[PDB]
Protein chains: 2
Amino acid sequence: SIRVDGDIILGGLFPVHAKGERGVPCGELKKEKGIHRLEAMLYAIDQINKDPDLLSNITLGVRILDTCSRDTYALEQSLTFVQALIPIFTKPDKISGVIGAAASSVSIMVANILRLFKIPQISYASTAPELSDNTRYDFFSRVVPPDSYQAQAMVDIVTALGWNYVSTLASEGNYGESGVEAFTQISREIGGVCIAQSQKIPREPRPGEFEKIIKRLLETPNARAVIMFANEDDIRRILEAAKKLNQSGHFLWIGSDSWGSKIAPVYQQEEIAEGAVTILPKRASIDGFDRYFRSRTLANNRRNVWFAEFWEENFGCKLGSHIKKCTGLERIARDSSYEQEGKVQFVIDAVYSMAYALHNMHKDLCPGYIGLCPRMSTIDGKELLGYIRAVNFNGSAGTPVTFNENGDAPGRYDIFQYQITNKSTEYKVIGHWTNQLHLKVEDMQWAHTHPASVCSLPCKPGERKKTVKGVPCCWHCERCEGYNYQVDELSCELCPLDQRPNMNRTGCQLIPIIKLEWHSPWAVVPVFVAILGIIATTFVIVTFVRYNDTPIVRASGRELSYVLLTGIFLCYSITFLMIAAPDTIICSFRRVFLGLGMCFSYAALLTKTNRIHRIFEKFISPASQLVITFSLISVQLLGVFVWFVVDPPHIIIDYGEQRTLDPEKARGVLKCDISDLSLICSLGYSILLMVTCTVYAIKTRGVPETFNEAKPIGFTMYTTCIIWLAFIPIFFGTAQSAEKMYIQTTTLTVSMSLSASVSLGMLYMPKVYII
Amino acid sequence: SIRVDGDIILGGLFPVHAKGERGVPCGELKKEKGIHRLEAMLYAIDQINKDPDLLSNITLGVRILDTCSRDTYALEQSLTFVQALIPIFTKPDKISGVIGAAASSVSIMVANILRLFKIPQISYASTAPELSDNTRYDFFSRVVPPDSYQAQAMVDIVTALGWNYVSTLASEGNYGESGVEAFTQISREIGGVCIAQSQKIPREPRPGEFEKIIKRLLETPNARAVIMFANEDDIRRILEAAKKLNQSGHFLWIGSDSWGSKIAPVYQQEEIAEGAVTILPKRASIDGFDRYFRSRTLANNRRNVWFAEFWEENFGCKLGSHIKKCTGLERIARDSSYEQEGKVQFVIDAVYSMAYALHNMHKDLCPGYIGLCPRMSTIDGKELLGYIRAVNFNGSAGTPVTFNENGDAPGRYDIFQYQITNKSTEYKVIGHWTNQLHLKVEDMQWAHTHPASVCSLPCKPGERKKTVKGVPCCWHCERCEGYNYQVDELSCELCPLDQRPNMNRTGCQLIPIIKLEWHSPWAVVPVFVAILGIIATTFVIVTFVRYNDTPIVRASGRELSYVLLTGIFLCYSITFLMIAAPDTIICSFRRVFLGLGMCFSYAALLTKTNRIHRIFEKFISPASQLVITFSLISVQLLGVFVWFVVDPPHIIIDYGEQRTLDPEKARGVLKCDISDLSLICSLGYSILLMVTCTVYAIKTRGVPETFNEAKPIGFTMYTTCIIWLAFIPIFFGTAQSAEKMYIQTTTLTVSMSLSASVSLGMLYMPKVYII
């Protein structure tokens with residue numbers, strides 16, 4: 001032990017020597033982690049005791065103890081610490097603070113025993129995340145960052161690159177499992193870092209297991225980022241197996257606190273090490289400690305009680321091989337070489353933080369007094385912890401020191417990379433991590449531009465993306481072709497009527513509209529027939545007007561021929577008017593004229609038959625004109641006057657009409673959708689007028705002393721009966737998806753024309769060449 | 001300290017003295033919990049050291065220490081325990097076991113320090129449930145049951161009575177809160193113990209808060225069981241406030257480990273204490289310890305180092321009031337009184353269990369050797385704990401001692417009750433709890449038969465019970481009256497057709513069936529008319545058969561009167577046949593006869609008119625008979641031969657018919673549901689036969705040299721036309737919910753009868769009185 005005297009004595013623990021399996025500490029004196037830390041703590045104390053404005057007139061002393069890398073051995077030392085609480089007796093000293101427990105195993109139960117006695121310790125090389133809970137180590141603190149502040153950094157550098165799908169290797173131990181658990185715990189918080197697999201390697205791998213794990217990694221090829229937490233030999237063996245397995249250019253390694261910047265894990269694996277995101281703890285070097293340690297001799301340091309063994313093992317001298325007492329008076333380079341240990345910037349920080357806490361304590365309790373105080377003759381653990389956990393200052397290497405509520409210092413890492421460069425090896429810094437992510441993506445080279453490890457490639461408008469369940473990371477796209485529009489990016493809902501989905505990138509384009517018009521394959525026949533019919537009717541009217549006084553006319557034509565000719569003309573007017581496009585007016589007049597024409601014709605013939613029969617068994621010319629012009633015509637004139645068949649133009653626009661399935665093509669109609677029942681009622685009224693004339697022509701089939709006109713009346717009525725009987729089933733041939741406007745319209749117009757021709761051609765059109 | 005020497009030395013801790021607020025233990029020496037336990041441990045040790053078959057040749061020694069009811073003070077003693085691990089030096093002794101830490105606060109951190117050094121302790125008066133986890137007190141054990149083994153008992157006695165709804169009071173401390181949390185944790189596991197409220201009282205109640213809490217308990221009146229966890233004064237004040245508030249006979253108190261059997265919590269509250277389920281720890285008394293403690297003097301016990309103070313405070317003597325050296329040589333009853341402390345049966349048990357564990361250890365490691373062993377010269381903590389936690393033996397008062405995996409002894413409680421008995425007070429045992437529930441419900445008296453605290457009273461068939469959400473304890477019942485049947489206890493689904501829910505306890509009773517039958521208010525008219533009609537027709541046929549040769553007959557009747565009379569008879573046959581119940585056959589023949597009758601009549605009249613007209617402008621009698629019997633009758637004979645109107649009997653059973661809402665009453669019909677369109681077609685055919693006869697009667701309205709029969713033919717046809725024109729809207733008066741079988745049937749039968757009478761009464765029925 002090193003019993004330095006002081007007004008405020010604070011102790012320490014260091015890993016000097018090693019675990020002695022023989023029941024006694026086996027002589028090692030590692031002297032890299034043991035000596036370089038006692039000397040650093042004593043250097044820090046000597047510097048603090050020589051600063052006029054750090055602790056003022058107060059001085060410090062240190063009781064240093066030696067943990068032999070074991071826990072149970074450290075227990076007796078920890079007990080020795082608390083000896084002022086329980087015959088030339090020596091008054092024992094009261095410890096106010098312990099700096100030690102470098103190994104994380106010693107830290108745990110040393111923290112237990114010290115928290116049972118209210119002593120705030122500040123560890124320097126204990127990074128296990130399990131010491132970050134104020135329920136079993138409430139008095140613990142650490143200047144070194146915990147291992148759970150690195151995984152978060154990884155997440156950041158995972159996110160800032162763009163990756164959303166990674167693997168997670170994990171060695172068997174306390175380091176790898178805790179690191180991977182921390183990474184998974186931070187994963188769920190923000191998402192977007194979906195982990196595909198989670199492998200697990202044993203401490204002692206049985207022959208032939210590495211290939212199995214690597215092929216397990218080859219389950220999902222889309223996960224090309226491996227976030228490893230393993231040891232040097234594990235990294236080497238994984239990389240060698242990957243190289244042998246001929247699966248290069250497929251993996252993007254993500255380092256940890258164990259890959260660092262060493263060239264040892266890849267000696268022949270330089271080819272299969274391209275890409276590294278290894279995260280290493282920020283380092284530094286203390287010139288003052290070097291100037292102290294290199295200027296010590298065997299008669300300048302009696303404080304240290306293990307310095308003879310260090311003067312022996314550093315020079316081979318055994319005092320009492322070579323029995324050389326002095327040799328390297330300067331131990332810098334005379335014998336062997338000097339290499340300041342890495343974790344020498346965290347014991348000076350602990351000592352300085354304790355001193356700063358004590359100084360802050362002295363400035364508040366009893367200000368205005370130099371030296372020791374009646375309110376400061378016994379330090380309290382709770383107050384000292386409160387002052388420790390509120391320090392902010394710049395220490396060695398200009399690094400701020402601060403603690404959280406638990407007492408965990410913030411992390412400060414650097415990030416490296418590994419890639420070929422003109423057949424060589426080089427770990428350039430590609431950024432750092434000090435409370436945030438700092439990157440140098442311009443100085444990055446994945447020897448591919450920028451690779452990625454995203455689960456699902458971005459989707460494309462036209463095929464709907466659905467997010468899978470359990471992990472919002474792998475969206476599956478499914479095609480929803482059909483009669484439907486994409487309301488939003490994903491959902492493709494029903495596309496409204498009159499709006500037909502198209503073949504463009506996205507759209508619902510208007511359905512083309514069709515309708516029979518003047519020029520058409522099924523349009524020449526009725527217009528040709530109708531023009532020929534009006535030519536014939538004009539020829540007939542020319543014959544009748546060129547000779548009217550002639551007695552051949554006096555058999556008719558007094559008041560009947562005018563009406564009958566008007567009806568025959570209106571029938572051809574119907575023939576021309578049915579087929580025209582029913583935009584606004586064409587379909588309005590349709591029913592009115594359709595009635596009136598054949599009404600004139602058939603009512604005239606009916607009254608002619610009735611009057612010839614009655615005179616055979618009031619034929620005055622104006623009387624006959626009155627009884628013809630208003631017998632059945634007035635009925636339809638009143639029907640037109642109060643619209644029953646002629647509704648206001650429906651113009652039912654046929655967006656649907658025949659609902660064409662698989663709407664790659666469809667049709668729309670501009671028909672005037674007056675119901676077929678209107679055709680039924682008009683036809684029925686006309687046939688009702690026809691029935692009486694046909695019957696009364698049947699009855700007088702043979703009549704003497706009568707003109708030759710009486711028989712053709714019957715012949716025309718018979719022919720019209722036949723043509724209408726043939727017509728009506730063709731009307732009942734509608735309601736077929738084939739042609740709703742090509743069958744019915746041609747049928748009706750041809751029937752009308754043929755009836756007009758029969759009534760004309762066979763009745764009074766002949767026997768005119770004579771006149 | 002008491003330094004007894006032995007081969008295996010095991011130490012102890014006891015509550016001697018009390019907490020000294022002055023920074024020095026204030027002299028109390030309670031001597032009930034301090035002295036009676038050192039003497040008990042030393043008695044146990046002396047007995048074990050005098051048993052030839054417990055530890056054989058090995059002997060035991062004890063180092064006793066004094067915790068002054070504090071934790072921090074106990075720390076120095078605990079450190080003193082471990083002194084063989086760290087100038088006339090004395091070799092120190094190695095402790096193999098610690099019995100102590102009676103106070104639950106000392107137990108915690110003493111367990112911490114001892115588990116840091118692998119020493120198995122066995123506590124005896126520490127019941128806090130927080131010491132039952134093998135993650136911070138892995139080396140702890142206790143012979144006294146934990147406080148979490150009582151709540152479960154309560155649950156059992158809550159369940160075995162039948163209660164499913166209780167309140168939960170909880171004092172402010174470690175006892176009440178832990179007990180209530182344990183009760184709630186056991187509550188969710190099995191359910192059926194739904195807790196209504198959870199109150200909370202402060203350590204120092206502000207004036208006027210007790211009434212507030214008691215009225216909070218009066219929120220839900222259905223929760224009449226109060227499971228209390230409080231302190232003596234809290235129980236007293238709650239009961240006094242309840243008494244004052246005039247809310248007696250409404251609460252069923254449930255005690256705890258703090259109500260016991262004391263008469264102090266209810267001095268004037270005897271009236272408002274009726275009912276108690278107080279659970280107290282099973283007790284006992286040790287005669288050997290009494291014989292030891294009462295036989296000690298001031299010169300018989302130098303072992304104890306606090307026995308002078310006990311000889312002083314137990315007798316007032318101050319040595320050096322009254323300066324009396326000896327006084328009560330026997331301290332049993334000479335001065336003051338003796339009362340063995342309650343927790344004296346749990347230190348002897350701890351010592352005996354440790355001794356048994358050591359004995360078991362000596363029987364397995366190196367058997368066949370008497371004394372100490374080279375394999376037993378250093379006890380191991382893990383093995384000793386394994387042997388401690390596997391002991392089974394009968395100790396003092398015949399109580400088995402055994403530990404769980406944690407090291408918690410099973411609980412053994414007794415249960416009391418408190419009720420008036422002839423104006424007195426008495427705590428009879430009503431059962432016990434030793435690993436199960438044992439009750440004496442026959443010896444229970446709630447001074448009500450057996451009360452209950454169930455949330456919802458049991459429901460009743462007819463009104464469906466629905467379980468509320470969050471707690472399956474308070475079922476709400478809702479009435480589902482209507483057209484629905486209870487498939488199971490709760491759900492009342494749709495009751496099937498033809499099956500009408502009833503007013504019985506539960507059922508769906510068949511709907512009554514109705515149909516017009518022979519006797520009915522709307523049935524006398526048609527049968528009366530029809531019988532009178534057949535009487536008239538018989539009179540007429542008598543007239544015609546009594547005189548046939550008479551020339552008055554020779555105007556008709558050659559081949560026409562027979563057919564016409566047959567038709568008139570069949571019309572009245574229809575009149576009788578329509579109203580009969582259409583069970584199997586009645587509706588089958590209905591259409592056939594309905595046709596045939598009026599067919600005969602009207603076809604006969606039609607052929608008569610046609611033949612009289614034709615002879616006025618082939619009247620051979622057999623020729624006329626042939627042209628009448630087959631003119632229109634053969635048509636219906638072929639129609640009957642190939643059934644078109646007469647379908648196979650439908651007999652559509654009218655389960656629904658008019659679907660009567662609010663089915664407290666309804667109707668069912670047995671109608672033969674031949675569609676009305678069959679009536680339409682029969683009527684249409686008959687009218688078609690009628691039309692020609694009516695027209696040809698119209699045409700010959702006036703005919704010379706013809707018999708007087710020619711005009712009544714026309715008159716009857718006119719009257720029948722009128723009656724049918726009046727009839728058809730009455731047919732179109734159907735499809736009304738009022739009367740589907742009372743309107744149409746009477747209408748049809750009366751129309752048939754009137755038509756028959758008109759054709760008969762006005763045509764050939766007159767002009768017969770002459771003949």
# chains A, B, ... in the order shown; residues from 1 in each chain; ligands from 1

call {"tool": "residues_around", "arguments": {"residues": "segment 429-431 of chain B", "least_positions_apart": "4", "cutoff": "12 Å", "atoms": "only C-alpha atoms", "output": "list in words"}}
result
residues 153, 157, 260, 261, 275, 276, 277, 278, 279, 280, 282, 412, 413, 414, 415, 416, 417, 418, 419, 436, 437, 438, 439, 440, 441, 442, 443, 444 and 445 of chain B

call {"tool": "select_by_dssp", "arguments": {"residues": "segment 253-454 of chain B", "states": "strand (DSSP E or B)", "output": "ChimeraX atom specification"}}
result
/B:253-254,279-281,393-394,400-401,408,412-416,429-434,437-439

call {"tool": "write_last_selection", "arguments": {"atoms": "N, CA, C and O atoms", "output": "mmCIF file, in the first residue's frame"}}
result
data_model
loop_
_atom_site.group_PDB
_atom_site.id
_atom_site.type_symbol
_atom_site.label_atom_id
_atom_site.label_comp_id
_atom_site.auth_asym_id
_atom_site.auth_seq_id
_atom_site.Cartn_x
_atom_site.Cartn_y
_atom_site.Cartn_z
ATOM 1 N N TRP B 253 -66.508 -6.487 8.259
ATOM 2 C CA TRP B 253 -65.078 -6.239 8.358
ATOM 3 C C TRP B 253 -64.276 -7.512 8.112
ATOM 4 O O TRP B 253 -64.690 -8.618 8.471
ATOM 5 N N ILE B 254 -63.114 -7.340 7.487
ATOM 6 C CA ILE B 254 -62.181 -8.427 7.211
ATOM 7 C C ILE B 254 -60.843 -8.005 7.796
ATOM 8 O O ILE B 254 -60.216 -7.061 7.301
ATOM 9 N N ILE B 279 -57.039 -12.472 10.937
ATOM 10 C CA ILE B 279 -56.121 -13.580 10.711
ATOM 11 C C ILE B 279 -54.869 -13.329 11.539
ATOM 12 O O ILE B 279 -54.162 -12.336 11.329
ATOM 13 N N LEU B 280 -54.591 -14.231 12.486
ATOM 14 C CA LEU B 280 -53.484 -14.060 13.410
ATOM 15 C C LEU B 280 -52.467 -15.194 13.254
ATOM 16 O O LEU B 280 -52.830 -16.316 12.886
ATOM 17 N N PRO B 281 -51.179 -14.929 13.482
ATOM 18 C CA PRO B 281 -50.165 -15.985 13.324
ATOM 19 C C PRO B 281 -50.259 -17.019 14.438
ATOM 20 O O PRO B 281 -50.325 -16.671 15.618
ATOM 21 N N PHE B 393 -37.998 -31.435 9.560
ATOM 22 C CA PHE B 393 -37.941 -31.991 10.904
ATOM 23 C C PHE B 393 -39.002 -31.327 11.767
ATOM 24 O O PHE B 393 -39.507 -30.248 11.444
ATOM 25 N N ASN B 394 -39.332 -31.989 12.872
ATOM 26 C CA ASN B 394 -40.264 -31.449 13.852
ATOM 27 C C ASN B 394 -39.472 -30.761 14.957
ATOM 28 O O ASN B 394 -38.656 -31.400 15.632
ATOM 29 N N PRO B 400 -43.568 -28.598 11.870
ATOM 30 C CA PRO B 400 -42.597 -28.888 10.809
ATOM 31 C C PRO B 400 -41.935 -27.618 10.292
ATOM 32 O O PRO B 400 -42.564 -26.564 10.189
ATOM 33 N N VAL B 401 -40.649 -27.732 9.967
ATOM 34 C CA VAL B 401 -39.863 -26.630 9.427
ATOM 35 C C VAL B 401 -39.382 -27.025 8.040
ATOM 36 O O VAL B 401 -38.745 -28.070 7.872
ATOM 37 N N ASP B 408 -38.453 -19.315 2.107
ATOM 38 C CA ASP B 408 -39.562 -18.760 2.872
ATOM 39 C C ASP B 408 -40.383 -19.901 3.454
ATOM 40 O O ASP B 408 -40.894 -20.746 2.711
ATOM 41 N N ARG B 412 -48.835 -20.520 8.595
ATOM 42 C CA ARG B 412 -49.794 -21.273 9.402
ATOM 43 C C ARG B 412 -50.512 -20.260 10.287
ATOM 44 O O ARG B 412 -49.989 -19.867 11.334
ATOM 45 N N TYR B 413 -51.693 -19.834 9.856
ATOM 46 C CA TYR B 413 -52.464 -18.827 10.567
ATOM 47 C C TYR B 413 -53.701 -19.444 11.206
ATOM 48 O O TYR B 413 -54.125 -20.546 10.855
ATOM 49 N N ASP B 414 -54.283 -18.713 12.151
ATOM 50 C CA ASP B 414 -55.605 -19.027 12.663
ATOM 51 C C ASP B 414 -56.538 -17.852 12.396
ATOM 52 O O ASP B 414 -56.101 -16.713 12.200
ATOM 53 N N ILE B 415 -57.834 -18.146 12.361
ATOM 54 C CA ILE B 415 -58.851 -17.173 11.987
ATOM 55 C C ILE B 415 -59.865 -17.080 13.116
ATOM 56 O O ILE B 415 -60.331 -18.105 13.626
ATOM 57 N N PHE B 416 -60.201 -15.855 13.503
ATOM 58 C CA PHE B 416 -61.058 -15.579 14.643
ATOM 59 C C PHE B 416 -62.379 -14.984 14.164
ATOM 60 O O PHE B 416 -62.630 -14.845 12.965
ATOM 61 N N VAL B 429 -62.115 -19.262 17.771
ATOM 62 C CA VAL B 429 -61.503 -19.678 16.515
ATOM 63 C C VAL B 429 -62.590 -20.228 15.601
ATOM 64 O O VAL B 429 -63.371 -21.100 15.999
ATOM 65 N N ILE B 430 -62.649 -19.722 14.373
ATOM 66 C CA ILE B 430 -63.590 -20.219 13.378
ATOM 67 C C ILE B 430 -62.869 -20.968 12.259
ATOM 68 O O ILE B 430 -63.402 -21.107 11.159
ATOM 69 N N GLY B 431 -61.665 -21.464 12.528
ATOM 70 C CA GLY B 431 -60.906 -22.195 11.534
ATOM 71 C C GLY B 431 -59.443 -21.807 11.516
ATOM 72 O O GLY B 431 -59.004 -20.983 12.323
ATOM 73 N N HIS B 432 -58.676 -22.388 10.598
ATOM 74 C CA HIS B 432 -57.250 -22.117 10.507
ATOM 75 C C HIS B 432 -56.834 -22.179 9.044
ATOM 76 O O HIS B 432 -57.655 -22.412 8.152
ATOM 77 N N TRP B 433 -55.542 -21.964 8.801
ATOM 78 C CA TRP B 433 -55.009 -21.927 7.442
ATOM 79 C C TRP B 433 -53.584 -22.470 7.499
ATOM 80 O O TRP B 433 -52.656 -21.737 7.857
ATOM 81 N N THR B 434 -53.428 -23.755 7.179
ATOM 82 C CA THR B 434 -52.127 -24.420 7.107
ATOM 83 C C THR B 434 -52.028 -25.057 5.722
ATOM 84 O O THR B 434 -52.445 -26.203 5.529
ATOM 85 N N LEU B 437 -57.308 -23.884 3.247
ATOM 86 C CA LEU B 437 -58.319 -23.219 4.055
ATOM 87 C C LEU B 437 -59.098 -24.249 4.862
ATOM 88 O O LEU B 437 -59.603 -25.230 4.306
ATOM 89 N N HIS B 438 -59.189 -24.021 6.170
ATOM 90 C CA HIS B 438 -60.013 -24.822 7.065
ATOM 91 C C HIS B 438 -60.953 -23.883 7.803
ATOM 92 O O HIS B 438 -60.501 -22.917 8.427
ATOM 93 N N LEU B 439 -62.252 -24.158 7.730
ATOM 94 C CA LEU B 439 -63.255 -23.253 8.267
ATOM 95 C C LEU B 439 -64.212 -23.999 9.187
ATOM 96 O O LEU B 439 -64.285 -25.230 9.186
#

call {"tool": "interface_residues", "arguments": {"of": "chain A", "to": "chain B", "cutoff": "7 Å", "atoms": "only C-alpha atoms", "output": "ChimeraX atom specification"}}
result
/A:76,85-86,113

call {"tool": "write_last_selection", "arguments": {"atoms": "N, CA and C atoms", "output": "short mmCIF file (atom, residue, chain, number, x, y, z; two decimals), in the first residue's frame"}}
result
data_model
loop_
_atom_site.label_atom_id
_atom_site.label_comp_id
_atom_site.auth_asym_id
_atom_site.auth_seq_id
_atom_site.Cartn_x
_atom_site.Cartn_y
_atom_site.Cartn_z
N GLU A 76 -11.18 -7.83 0.55
CA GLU A 76 -10.41 -7.48 1.74
C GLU A 76 -9.90 -6.04 1.65
N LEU A 85 -14.72 3.32 10.96
CA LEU A 85 -16.11 3.21 11.40
C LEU A 85 -16.31 2.18 12.50
N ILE A 86 -15.58 1.07 12.45
CA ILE A 86 -15.67 0.04 13.47
C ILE A 86 -15.26 0.59 14.84
N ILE A 113 -20.42 -3.07 -1.95
CA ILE A 113 -19.89 -2.87 -0.60
C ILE A 113 -19.75 -1.38 -0.28
#

call {"tool": "residues_around", "arguments": {"residues": "residue 183 of chain A", "least_positions_apart": "6", "cutoff": "9 Å", "atoms": "only C-alpha atoms", "output": "list in words"}}
result
residues 148, 150, 151, 152, 154 and 155 of chain A

call {"tool": "residues_around", "arguments": {"residues": "residue 391 of chain B", "least_positions_apart": "6", "cutoff": "10 Å", "atoms": "only C-alpha atoms", "output": "list in words"}}
result
residues 353, 354, 356, 357, 360, 400, 401, 402 and 403 of chain B

call {"tool": "write_last_selection", "arguments": {"atoms": "C-alpha atoms", "output": "short mmCIF file (atom, residue, chain, number, x, y, z; two decimals), in the first residue's frame"}}
result
data_model
loop_
_atom_site.label_atom_id
_atom_site.label_comp_id
_atom_site.auth_asym_id
_atom_site.auth_seq_id
_atom_site.Cartn_x
_atom_site.Cartn_y
_atom_site.Cartn_z
CA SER B 353 -32.25 -25.82 11.34
CA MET B 354 -28.64 -24.66 11.07
CA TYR B 356 -29.53 -30.05 11.18
CA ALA B 357 -27.98 -28.65 7.99
CA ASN B 360 -26.62 -33.48 7.04
CA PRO B 400 -42.60 -28.89 10.81
CA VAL B 401 -39.86 -26.63 9.43
CA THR B 402 -39.32 -26.45 5.67
CA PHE B 403 -38.27 -23.82 3.14
#

call {"tool": "residues_around", "arguments": {"residues": "residue 297 of chain B", "least_positions_apart": "6", "cutoff": "9 Å", "atoms": "only C-alpha atoms", "output": "list in words"}}
result
residues 311, 326, 328, 329, 330 and 331 of chain B

call {"tool": "residues_around", "arguments": {"residues": "residue 568 of chain B", "least_positions_apart": "6", "cutoff": "8 Å", "atoms": "only C-alpha atoms", "output": "list in words"}}
result
residues 537, 597, 598, 601, 756 and 760 of chain B

call {"tool": "write_last_selection", "arguments": {"atoms": "N, CA, C and O atoms", "output": "PDB file, in the first residue's frame"}}
result
ATOM      1  N   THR B 537    -134.854 -24.475 -57.880  1.00  0.00           N
ATOM      2  CA  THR B 537    -134.518 -25.254 -59.068  1.00  0.00           C
ATOM      3  C   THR B 537    -135.231 -26.599 -59.075  1.00  0.00           C
ATOM      4  O   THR B 537    -135.636 -27.080 -60.139  1.00  0.00           O
ATOM      5  N   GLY B 597    -119.700 -25.725 -64.438  1.00  0.00           N
ATOM      6  CA  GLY B 597    -121.072 -25.289 -64.238  1.00  0.00           C
ATOM      7  C   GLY B 597    -121.519 -24.128 -65.105  1.00  0.00           C
ATOM      8  O   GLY B 597    -122.425 -24.249 -65.952  1.00  0.00           O
ATOM      9  N   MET B 598    -120.881 -22.977 -64.893  1.00  0.00           N
ATOM     10  CA  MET B 598    -121.217 -21.812 -65.695  1.00  0.00           C
ATOM     11  C   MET B 598    -120.872 -22.034 -67.160  1.00  0.00           C
ATOM     12  O   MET B 598    -121.504 -21.439 -68.039  1.00  0.00           O
ATOM     13  N   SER B 601    -124.021 -23.662 -68.503  1.00  0.00           N
ATOM     14  CA  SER B 601    -125.109 -22.691 -68.591  1.00  0.00           C
ATOM     15  C   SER B 601    -124.910 -21.739 -69.767  1.00  0.00           C
ATOM     16  O   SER B 601    -125.774 -21.614 -70.651  1.00  0.00           O
ATOM     17  N   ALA B 756    -126.967 -16.811 -61.038  1.00  0.00           N
ATOM     18  CA  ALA B 756    -127.821 -17.974 -61.256  1.00  0.00           C
ATOM     19  C   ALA B 756    -129.295 -17.611 -61.114  1.00  0.00           C
ATOM     20  O   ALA B 756    -130.124 -18.020 -61.934  1.00  0.00           O
ATOM     21  N   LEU B 760    -132.151 -17.621 -63.969  1.00  0.00           N
ATOM     22  CA  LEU B 760    -133.294 -18.485 -63.697  1.00  0.00           C
ATOM     23  C   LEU B 760    -134.568 -17.680 -63.470  1.00  0.00           C
ATOM     24  O   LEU B 760    -135.558 -17.857 -64.187  1.00  0.00           O
TER      25      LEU B 760
END

call {"tool": "residues_around", "arguments": {"residues": "residue 287 of chain A", "least_positions_apart": "2", "cutoff": "12 Å", "atoms": "only C-alpha atoms", "output": "list in words"}}
result
residues 40, 43, 284, 285, 289, 290, 291, 292, 293, 294, 339, 340, 344, 345, 396 and 397 of chain A

call {"tool": "select_by_dssp", "arguments": {"residues": "segment 122-270 of chain B", "states": "alpha helix (DSSP H)", "output": "PyMOL selection string"}}
result
chain B and resi 151-161+174-190+210-217+232-244

call {"tool": "atom_distance", "arguments": {"atom1": "atom CA of residue 320 of chain B", "atom2": "atom CA of residue 32 of chain B"}}
result
24.8 Å

call {"tool": "atom_distance", "arguments": {"atom1": "atom CA of residue 498 of chain A", "atom2": "atom CA of residue 655 of chain A"}}
result
5.3 Å

call {"tool": "closest_residue", "arguments": {"among": "B:314, B:425, B:185, B:178", "to": "residue 31 of chain B", "atoms": "only C-alpha atoms"}}
result
B:314

call {"tool": "decode", "arguments": {"residues": "segment 445-449 of chain A", "atoms": "N, CA, C and O atoms", "output": "mmCIF file, in the first residue's frame"}}
result
data_model
loop_
_atom_site.group_PDB
_atom_site.id
_atom_site.type_symbol
_atom_site.label_atom_id
_atom_site.label_comp_id
_atom_site.auth_asym_id
_atom_site.auth_seq_id
_atom_site.Cartn_x
_atom_site.Cartn_y
_atom_site.Cartn_z
ATOM 1 N N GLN A 445 -15.684 5.461 -49.754
ATOM 2 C CA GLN A 445 -15.407 4.744 -50.998
ATOM 3 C C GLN A 445 -15.686 3.260 -50.767
ATOM 4 O O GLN A 445 -14.852 2.550 -50.198
ATOM 5 N N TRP A 446 -16.859 2.804 -51.209
ATOM 6 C CA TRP A 446 -17.213 1.386 -51.169
ATOM 7 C C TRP A 446 -16.684 0.741 -52.444
ATOM 8 O O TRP A 446 -17.388 0.624 -53.447
ATOM 9 N N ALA A 447 -15.424 0.318 -52.404
ATOM 10 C CA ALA A 447 -14.781 -0.268 -53.573
ATOM 11 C C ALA A 447 -15.372 -1.633 -53.905
ATOM 12 O O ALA A 447 -15.347 -2.066 -55.058
ATOM 13 N N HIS A 448 -20.176 0.901 -57.475
ATOM 14 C CA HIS A 448 -21.393 0.647 -56.714
ATOM 15 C C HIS A 448 -22.032 1.952 -56.253
ATOM 16 O O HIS A 448 -23.125 1.946 -55.685
ATOM 17 N N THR A 449 -21.339 3.063 -56.512
ATOM 18 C CA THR A 449 -21.746 4.383 -56.042
ATOM 19 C C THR A 449 -21.974 4.343 -54.534
ATOM 20 O O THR A 449 -21.014 4.337 -53.756
#
